[PDB]
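Here the structure comes first, spelled out in structure tokens, and everything after it is commentary.
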Ligand SMILES: [Cl-]
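In the deposited numbering, the protein residues as written are 3139 to 3577, 3589 to 3677, 3693 to 3726, 3728 to 3754.
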């Protein structure tokens, strides 16, 4: 049966991919997003040296990097701009990730709490937050400054990553940051699923964050020789002699499947089972254990109640290590061997070949790739493995290394089944089992839009306009779009409302608002009785309600949709202000 935990929303920010849609495009095109160290971060010429193991140097100069990790919208989160400057970028980016995930799920803060609270006991929490992270590097800058100047305070609390989200969301569930290194994100998901199953909270936000903000990490992988000579993760490829670090922030909104189905939530997939263990005493602290990996994979399978023969795809750890890669396959082989003797039926690959080793966030990026493959029914290439690692025999294995884009066909009406592994360098292992889900036309709707100020509002109109021009959208989607923007967004200061019945009309109105030109009739803008107006709107006269709402009137939009409720759909998230904050702000040179 499984623990039946539904995924009702997701957000992701990965190298070369500001959002999940872009991430899929990169994955589909087999794009390599690895680059050299951005000059803005630090002067890497002070540390680079091609000779392995040189003291005070590093032979790696590559990485999977995000763009503008110092960009943040503190006013949006009720954080003072002064506080933002000394606040760990990981906390900042996870805050923005958390919000985007709620918007993808089609939930406002208040709505999410209400939906969660109804499913658990009185004194049980509503929303839980489980974050995975392993580095506190921002802290180091403050110390480097304080020694040769005036002492500056730069906090290094990993708990803040989860705690600030809980604070912002007004969440009352468990608020936990976990560190199991590379397996952190998957460990967070594991604990989140356990909390939901146990009834500790109604919904749970689970994810991971990992940034490369300091050169120290590179001096470390250089000394320990963990870094690859070519700055690539050759997942199961020949010549892989280490990994390349990558940046990333991701999260999922988790919920018991029954509750999601009953609430008409989007369902991006279902977590059937999770498992967590440790490699024990191997021949070295950072030496992986194939038997432990096999055990955690089987444990997740048993908890999921699945038949491993049906597994269509495995998203592997695949860091591109001399010892690690063959060990991982050995672990997987031992796992499958306890159930079937079948060969070459399962696909395998790693996103790390695309975006690098995201470490504490590797699992959430991996989950994204897996869910996206199922969503589009397409298996994506795994890079840097034109010739496979000589130590690995895929011919005598359950697997076939995915090296070309290919269709992932559904067997009958049976859900596509996938597996996801993440193995911490310190020995902590994790495996997650997921499967996908199987389940007023033409009328005038009222499309609503709000943001912090006028500029952000017109920005939202533009991004929504650009989205609704894509091929997937038609006029038949208008009831879903309107519903999502009503009950799935926060009613903010600057507001925009328009009554439309066709999609091209909505696009025109959005374009007008975005460009600040003249608005049509039935459209209302504001830079910043209900019972009567809602009855009117339910009778097909929504203009007085829309105009009143734009003027600032609070509106319980749910009252409008009490035959069948429209579907929540994926719409563009809030356009955060991109102002730069760093610890050197205000400090003398
Ligand atoms: Cl609130």
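C-beta: ideal position from N, C-alpha, C; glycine also.
Short Cβ contact (8 Å threshold) for residue i with residue j
{"i": "residue 3317", "j": "residue 3296", "result": "yes"}
{"i": "residue 3381", "j": "residue 3458", "result": "yes"}
{"i": "residue 3365", "j": "residue 3198", "result": "yes"}
{"i": "residue 3616", "j": "residue 3394", "result": "no"}
{"i": "residue 3501", "j": "residue 3558", "result": "yes"}
{"i": "residue 3407", "j": "residue 3278", "result": "no"}
{"i": "residue 3378", "j": "residue 3471", "result": "no"}
{"i": "residue 3640", "j": "residue 3707", "result": "no"}
{"i": "residue 3491", "j": "residue 3373", "result": "yes"}
{"i": "residue 3576", "j": "residue 3553", "result": "yes"}
As assigned by DSSP and simplified to three states, the class of residue i
{"i": "residue 3383", "result": "strand"}
{"i": "residue 3160", "result": "helix"}
{"i": "residue 3409", "result": "strand"}
{"i": "residue 3700", "result": "helix"}
{"i": "residue 3210", "result": "strand"}
{"i": "residue 3575", "result": "coil"}
{"i": "residue 3591", "result": "coil"}
{"i": "residue 3352", "result": "coil"}
{"i": "residue 3248", "result": "helix"}
{"i": "residue 3400", "result": "helix"}
{"i": "residue 3719", "result": "coil"}
{"i": "residue 3237", "result": "helix"}
{"i": "residue 3744", "result": "strand"}
For residue i, the residue or residues it bridges with in DSSP
{"i": "residue 3596", "result": "3647"}
{"i": "residue 3339", "result": "3263"}
{"i": "residue 3200", "result": "3174"}
{"i": "residue 3393", "result": "3144"}
{"i": "residue 3558", "result": "3453 and 3570"}
{"i": "residue 3539", "result": "3486"}
{"i": "residue 3727", "result": "The residue list of the chain ends a segment at 3726 and starts the next at 3728, so residue 3727 has no coordinates to report."}
{"i": "residue 3347", "result": "3387"}
{"i": "residue 3545", "result": "3516"}
{"i": "residue 3258", "result": "Answer is none; residue 3258 lacks a bridge partner."}
Length of the line joining the Cα atoms of residue i and residue j
{"i": "residue 3482", "j": "residue 3619", "result": "38 Å"}
{"i": "residue 3418", "j": "residue 3432", "result": "13 Å"}
{"i": "residue 3521", "j": "residue 3494", "result": "11 Å"}
{"i": "residue 3175", "j": "residue 3487", "result": "26 Å"}
{"i": "residue 3359", "j": "residue 3661", "result": "52 Å"}
{"i": "residue 3205", "j": "residue 3259", "result": "42 Å"}
{"i": "residue 3603", "j": "residue 3298", "result": "31 Å"}
{"i": "residue 3113", "j": "residue 3530", "result": "No answer is possible for residue 3113: it lies beyond the span of the chain, which begins at 3139 and ends at 3754."}
{"i": "residue 3728", "j": "residue 3702", "result": "11 Å"}
{"i": "residue 3727", "j": "residue 3218", "result": "Within the gap of the chain, which runs from 3726 to 3728, lies residue 3727, and it has no coordinates in the structure."}
{"i": "residue 3196", "j": "residue 3180", "result": "14 Å"}
{"i": "residue 3327", "j": "residue 3209", "result": "27 Å"}
{"i": "residue 3240", "j": "residue 3634", "result": "12 Å"}
{"i": "residue 3753", "j": "residue 3220", "result": "15 Å"}
Chain-order list of residues whose beta-carbon lies under 7 Å from that of residue i (same chain, five-residue window excluded)
{"i": "residue 3592", "result": "3650"}
{"i": "residue 3465", "result": "3426 and 3428"}
{"i": "residue 3235", "result": "3149, 3151, 3345, 3387, 3388 and 3389"}
{"i": "residue 3330", "result": "3266, 3268, 3342, 3344 and 3392"}
{"i": "residue 3255", "result": "3264 and 3340"}
{"i": "residue 3376", "result": "3525, 3526, 3527 and 3528"}
Beta-carbon proximity list for residue i, same chain, < 8 Å, skipping 5 on both sides
{"i": "residue 3740", "result": "3600, 3605, 3608, 3609 and 3612"}
{"i": "residue 3506", "result": "3148, 3150, 3152, 3158, 3161, 3388 and 3489"}
Residues near residue i by beta carbon distance below 6 Å, same chain, minus five either side
{"i": "residue 3677", "result": "3642 and 3643"}
{"i": "residue 3563", "result": "3319, 3320 and 3424"}
{"i": "residue 3462", "result": "3426"}
{"i": "residue 3155", "result": "3161 and 3164"}
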